[PDB]
J.: 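This is the structure I want to talk about, given as structure tokens.
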Amino acid sequence: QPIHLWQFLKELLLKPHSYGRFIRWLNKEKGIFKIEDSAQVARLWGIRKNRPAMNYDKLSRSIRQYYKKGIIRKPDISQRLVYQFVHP
DNA sequence: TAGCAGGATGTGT
DNA sequence: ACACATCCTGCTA
């Protein structure tokens, strides 16, 4: 079973030493993160899944599919490149 | 420019 | 079934 996108995102967020210039917690407790380097996050996701055509347009389309699943959501005050984990 | 909401359909297990 | 990936239009900062 391939890694899921939400888990992949949590993985990058776990190690700011390695990935902090690409993606970071804005509010760790509330699960609010910012994508700082969208092209880079998409590039890393494409490598992980072996989709060399992956880009942020398509990565973010998959994040949006999470809205109705209650996995990721946009924060109360919506901001570009800012997202929020619903649970843990 | 670049990101964002969500439909339709292709891909691979 | 499931989780995307890949196309799309229209919308928004």
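Side chains included, hydrogens not; waters and symmetry mates left out as well; all remaining heavy atoms used. By convention in this document, chain letters (A, B, ...) are assigned in the order of the sequence lines, proteins followed by strands, and residues within each chain are numbered from 1.
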J.: Between A:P75 and A:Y83, which heavy-atom pair has the shortest distance, and what is it?
T.: CD-CA, 4.1 Å
J.: If you take all heavy atoms of A:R48 and A:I3, which pair is closest and at what distance?
T.: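 That would be CG-CG2, 3.5 Å.
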J.: Checking A:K58 side chain against A:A53 main chain: does a donor-acceptor pair fall under 3.5 Å?
T.: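 Pair found, side chain donor or acceptor close to backbone of A:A53.
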J.: Go through the steps for A:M54 and A:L59 under the test side-chain contact (heavy atoms from CB on, under 4.5 Å), then give the verdict.
T.: CA-CA 7 Å; A:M54 186 51 57; A:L59 185 154; 4.1 Å; yes
J.: Following the transitive rule for hydrophobic clusters with a side-chain heavy-atom cut-off under 4.5 Å over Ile, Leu, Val, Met, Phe, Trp and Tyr, establish whether A:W25 and A:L44 coincide in one cluster.
T.: yes
J.: Minimum heavy-atom separation for A:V86 to A:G70, with atom names?
T.: CB-O, 3.3 Å
J.: Are A:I71 and A:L14 connected, step by step, through hydrophobic side chains (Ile, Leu, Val, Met, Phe, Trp, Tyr) whose heavy atoms are closer than 4.5 Å?
T.: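 No.
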J.: Quick check on the hydrophobic clustering: are A:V41 and A:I32 connected, directly or via other members, by side-chain heavy-atom contacts under 4.5 Å?
T.: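 No; A:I32 is not reachable from A:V41 via cluster members.
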J.: Ring centres of A:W45 and A:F8 under 6.0 Å apart?
T.: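 Distance test on ring centres: under 6.0 Å, yes.
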J.: Show the nearest heavy-atom pair for residues A:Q65 and A:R61, with the distance to one decimal.
T.: OE1-NH2, 2.9 Å
J.: Rounded to the nearest 0.5 Å, what separation is found between the CZ atom of A:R64 and the NZ atom of A:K74?
T.: 9.5 Å
J.: Hydrophobic cluster membership, with links at side-chain heavy-atom distances under 4.5 Å among I/L/V/M/F/W/Y: are A:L81 and A:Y67 in one?
T.: yes
J.: Distance check, rounded to the nearest 0.5 Å: A:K30 atom NZ versus A:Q84 atom CD?
T.: 8.0 Å
J.: Taking atom CD of A:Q40 and atom CZ of A:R21, what is their separation to the nearest 0.5 Å?
T.: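 It comes to 11.0 Å.
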J.: To the nearest 0.5 Å, how far apart are NE2 in A:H4 and NZ in A:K10?
T.: 13.5 Å
J.: When clusters are formed by joining ILVMFWY residues with side-chain heavy atoms under 4.5 Å apart, either directly or through shared neighbours, do A:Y19 and A:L26 land in the same one?
T.: no
J.: For the atom pair CG (A:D57) and OG (A:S62), what is the distance rounded to the nearest 0.5 Å?
T.: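 So the gap between those two atoms works out to 11.5 Å.
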J.: Assess the residue pair A:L13 and A:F85 against the criterion (side-chain contact (heavy atoms from CB on, under 4.5 Å)); give the C-alpha distance rounded to whole Å, side-chain angles, the decisive distance to 0.1 Å, and a yes or no.
T.: CA-CA 12 Å; A:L13 280 158; A:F85 288 102; 3.8 Å; yes
J.: Nearest 0.5 Å, please: how far is OH in A:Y56 from CD1 in A:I63?
T.: 5.0 Å
